[PDB]
Amino acid sequence: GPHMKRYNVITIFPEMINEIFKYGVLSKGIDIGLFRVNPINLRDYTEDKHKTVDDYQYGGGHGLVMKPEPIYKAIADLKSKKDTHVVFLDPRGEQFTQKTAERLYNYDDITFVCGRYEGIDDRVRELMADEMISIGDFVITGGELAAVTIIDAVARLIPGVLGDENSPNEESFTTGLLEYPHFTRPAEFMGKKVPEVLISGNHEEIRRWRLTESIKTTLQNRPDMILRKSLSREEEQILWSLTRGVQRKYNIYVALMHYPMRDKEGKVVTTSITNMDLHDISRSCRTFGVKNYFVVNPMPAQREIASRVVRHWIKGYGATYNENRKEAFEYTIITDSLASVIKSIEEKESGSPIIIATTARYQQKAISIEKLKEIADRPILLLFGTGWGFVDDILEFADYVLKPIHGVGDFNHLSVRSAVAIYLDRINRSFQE
Amino acid sequence: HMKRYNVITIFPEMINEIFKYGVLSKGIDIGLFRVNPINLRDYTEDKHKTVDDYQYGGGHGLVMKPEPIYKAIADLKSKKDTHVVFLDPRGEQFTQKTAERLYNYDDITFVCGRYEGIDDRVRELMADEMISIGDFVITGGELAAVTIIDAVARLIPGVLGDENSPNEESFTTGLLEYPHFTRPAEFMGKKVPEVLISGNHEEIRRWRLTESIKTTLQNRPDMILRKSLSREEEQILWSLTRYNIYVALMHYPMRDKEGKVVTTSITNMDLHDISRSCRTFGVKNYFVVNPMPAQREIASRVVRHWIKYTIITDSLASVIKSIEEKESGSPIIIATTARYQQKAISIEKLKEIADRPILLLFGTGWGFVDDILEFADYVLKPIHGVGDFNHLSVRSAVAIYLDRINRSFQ
Ligand SMILES: C[S@@+](CC[C@H](N)C(=O)[O-])C[C@H]1O[C@@H](n2cnc3c(N)ncnc32)[C@H](O)[C@@H]1O
Ligand SMILES: C[S@@+](CC[C@H](N)C(=O)[O-])C[C@H]1O[C@@H](n2cnc3c(N)ncnc32)[C@H](O)[C@@H]1O
Ligand SMILES: C[S@@+](CC[C@H](N)C(=O)[O-])C[C@H]1O[C@@H](n2cnc3c(N)ncnc32)[C@H](O)[C@@H]1O
Ligand SMILES: C[S@@+](CC[C@H](N)C(=O)[O-])C[C@H]1O[C@@H](n2cnc3c(N)ncnc32)[C@H](O)[C@@H]1O
Ligand SMILES: [Cl-]
Ligand SMILES: [Cl-]
Ligand SMILES: [Cl-]
Ligand SMILES: [Cl-]
Ligand SMILES: [Mg+2]
Ligand SMILES: [Mg+2]
């Protein structure tokens, strides 16, 4: 809103707060009137010779807890002068992050309540707190350092508090990423040279180098942040180049077969390749780290059609038209037979896959996906069918058959594309667990 | 052996002033530990005591120079073994586990940056590790250093007394702590829990453990999942923790590749494929939502032809009124997207808050514009697999989320 930002800090150590804000860029912001820090001496709101703000807690022992009355009066006094937003600093509160700093920025007046000893009588917290905030997943002796750290993080977002020396718009966490490294003179320090692109490169080379190192530092140190970052197309392509070739504990392959399938009467048939099975299943397989998606069809003309599609997205204009479809088709292989799939996997893994077929129908001795990680020290090949599904010969050749996907009731006639997506999600969630 | 914490900073007196207050200052006075601020400007050559300079690669951002920090750390190491921590957002997120690990050192040196940060060559040459105080940015490392020192020094035996014991605390236990109260017994009509006034020790212990588990479950459920619970703790949790679905496929307002708002055309297979997934998983109705009359006519012709439950309609508002008529109550509106949104929720969180019919919204094109995501009551966490690629078709996302919802009730 329209008022200068003001941060009131209720504390038994008000001069600790004053002293902290004499230093650094924030003290300059205070000096020229961009915000204000207002320490409130909690002992002022007492009426005994000891200026008592704490007492022995209920429940036994001699642990000390801050009393409700002084804190209540201190907050009531502020509210009597101005509207304020009341934050109790407490390990039980929201873990403070950059998103918290950006949210708290919108208030014009915030009051931070600092406890000491065991904590604060929870009645005045329930009565007066607008929220609780924790500075982190650890414990400190008092809220004072939590308060000034939050004030620092919030006040440095006030326009004009910072300037050229360090901008708040491109920074770790603010961007959803960890920042790239920084360097200054000299060009070489104890044999360690500043990256040459930063010395003699053009603007675009520098930007690309910085973006790459940021994504790399984030992937390596805080992969959890990658999952929460909405990556641009450029950032995604950098990420893929960094994860390419990383081996996981599990090597899963998917094959979509078109022979031998059943017709409506159970006779053996060869099916045509459905264009969307190429698109949809290649993207599911890539999402779940499948090592290769095999498209198996014994008819030369079907393979030629499918290979042309893949080439359009890998080497033709599709590669520019939709980069993530290219990325997914990079792992798709058009081939003629299950024997070819097995020999290809044997070449890639130096071991024969365990072959697992799929069906909507009941099969004796069918397994659940939990069995898969039991045996995932070897390559796993999941077989999916087309038409009316696999003939019985394939279900018997396979090493295992997965239990069918069911929901509620009898109807479970999913597209093969939906069945692939479900089984891969189940496998991924099982292995994480 | 007394613990020593050296802080390399351009503001040495800030460090000295901070440690005059509170229980930590008494611990310093009797020799339980010691904080030694190091003036980084003492390790400069010029008249201006220069510790920073403009960075390579453009602009006017200031970066801490490598040489002063190098000389400051080398000077310390020439006199005693020390463990060197660079304070940096890119480091290990500081937690109670971190504090307990750092406690084992007898001498730690904290390096505080200012402005854009520290020349990374001296970090590579001299850091033993990097530590971040949290997932946020502050103007300098000084407050991060003193906050870490506070957290570590208070685990030194004798620093704390009976005022507050460090053995049973939030995070140290893997849980959040129970509430605390002191005199008076009643404050503005609020009575202290009577068990704490007139209960026996076992009753007080049970109440505290239950409120702690209750608080942890409600505020930090992630902490519950990480904790190896006692048999008693797991029984308490159990006692604390002891649905019609609709699906709409929307074609406005969606992003195109450039992020502009568009209406998409119907994709024929979205009609058959998503129908079969909804029918498999007991969805009450599948709504196909498109504001263009010609697209609605196409969808109706595809459905009549495809067969030789699914409702073609014009707007989200029409879907909502339709469900309100069927269920005699408004649904909770849940949007889906591959992009993580703040406060997005899991399928497991959805099951716990679903006391009304649920409408799941699925997009087309390049997905929902942000305005839809903000209007929805909740947005689901994105589907992820290996974590570097999650561009699924809408048909596959429907299948996955419905299977997850089905399995959460099994
Ligand atoms: C030793 S703490 C008491 C913590 C409490 N016994 C617990 O375990 O949850 C004393 C005061 O320091 C502050 N404090 C300690 N850790 C904090 C954190 N992580 N976030 C915010 N404030 C904290 C609080 O204001 C608290 O009242
Ligand atoms: C259109 S379905 C044919 C359904 C046939 N009744 C069958 O054997 O599953 C084509 C392929 O999708 C997969 N599929 C479809 N529904 C499935 C389900 N409910 N459980 C497991 N796989 C399924 C199977 O791979 C099947 O070969
Ligand atoms: C404004 S920060 C520079 C941050 C850097 N530009 C970035 O975005 O990652 C200046 C100094 O404050 C300290 N600092 C800022 N945030 C920190 C954090 N989360 N953890 C530890 N130190 C931090 C660091 O010592 C840093 O060198
Ligand atoms: C083809 S996607 C649109 C583009 C998509 N937002 C992307 O970046 O990949 C069509 C719809 O499928 C759903 N969807 C696709 N991938 C998803 C994912 N990974 N997580 C959640 N929903 C997803 C969303 O409802 C989305 O609106
Ligand atoms: Cl004071
Ligand atoms: Cl074959
Ligand atoms: Cl100073
Ligand atoms: Cl989920
Ligand atoms: Mg920056
Ligand atoms: Mg405690």
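To find a chain, count down the sequence lines: A is the first, B the second, and so on, and within it residues start at 1. Only heavy atoms go into these numbers, but all of them, side chains included; no hydrogens, no water, no symmetry mates.
Within the 4.5 angstrom heavy-atom criterion, only side-chain atoms of A/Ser230, from C-beta onward, approach chain B. Of the atoms belonging to A/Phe21, not a single heavy atom falls under 4.5 Å from chain B. Interface remark: A/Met225 contributes no atoms to any contact with chain B (heavy atom separation under 4.5 Å). Interface remark: A/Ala101 contributes no atoms to any contact with chain B (heavy atom separation under 4.5 Å). In this structure, the portion of A/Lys99 lying under 4.5 Å from any heavy atom of chain B is its side chain and not its backbone. For A/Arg125, no part lies under 4.5 angstrom from a heavy atom of chain B. Neither the backbone nor the side chain of A/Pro223 has a heavy atom closer than 4.5 Å to any heavy atom of chain B. For chain B, the nearby parts of A/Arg228 are the backbone and the side chain; heavy atoms of each come within less than 4.5 Å. When heavy atoms are compared at a cutoff of 4.5 Å, A/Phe173 approaches chain B solely by way of its side chain, counted from C-beta outward. With a threshold of 4.5 angstrom between heavy atoms, A/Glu15 approaches chain B through its backbone and through its side chain. Proximity to chain B involves both the backbone and the side chain of A/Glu69, based on heavy atoms less than 4.5 angstrom apart. At a 4.5 Å heavy-atom cutoff, A/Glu102 makes no contact with chain B through either its backbone or its side chain. Of the atoms belonging to A/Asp425, it is side-chain heavy atoms, and not backbone ones, that fall under 4.5 Å from chain B. Proximity to chain B (any heavy atom under 4.5 Å) is shown, for A/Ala187, by both the backbone and the side chain.
Counting heavy-atom pairs under 4.5 Å between each of A/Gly176, A/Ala328, A/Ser284 and chain B puts A/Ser284 at the top. Chosen from B/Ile133, B/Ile274, B/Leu155, B/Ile383, the residue pairing most often with chain A at heavy-atom distances under 4.5 Å is B/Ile133. In terms of non-hydrogen atom pairs under 4.5 Å with chain B, the most contact-rich of A/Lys193, A/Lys229, A/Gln95, A/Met132 is A/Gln95. Residue with the most contacts toward chain A among B/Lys257, B/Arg339, B/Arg208: B/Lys257 (heavy-atom pairs, distance under 4.5 Å). Of the listed residues A/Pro68, A/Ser172, A/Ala153, A/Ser134, the one with more heavy-atom pairs under 4.5 angstrom with chain B than any other is A/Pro68. Looking only at heavy-atom pairs under 4.5 Å with chain B, the residue among A/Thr217, A/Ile199, A/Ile140 that has the most is A/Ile140.
With respect to the salt-bridge test (charged N to carboxylate O, under 4.0 angstrom), the residues B/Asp388 and A/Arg286 qualify.
No side-chain N or O of B/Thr182 forms a donor-acceptor pair with one of A/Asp54 less than 3.5 Å apart. A side-chain donor from one of B/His391 and A/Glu236 sits under 3.5 Å from a side-chain acceptor of the other.
Judged purely by atom type and a 3.5 angstrom limit, A/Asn221 uses its side chain to pair as donor or acceptor with the backbone of B/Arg90. Counting only distance, with no hydrogens or angles, the side chain of B/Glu17 and the backbone of A/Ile20 share no donor-acceptor pair below 3.5 Å. Panel note: side chain B/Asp150, backbone A/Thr141; a donor-acceptor pair is recorded below 3.5 Å.
Scored by the side-chain hydrogen bond (donor to acceptor under 3.5 Å, both in side chains) test, A/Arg207 finds A/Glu204, A/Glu234 as partners (sequence neighbours excluded).
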List the steps and the verdict of side-chain contact (heavy atoms from CB on, under 4.5 Å) for B/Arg114 and A/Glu165.
-> CA-CA 9 Å; B/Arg114 285 267 148 184; A/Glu165 350 70 47; over 6 Å; no

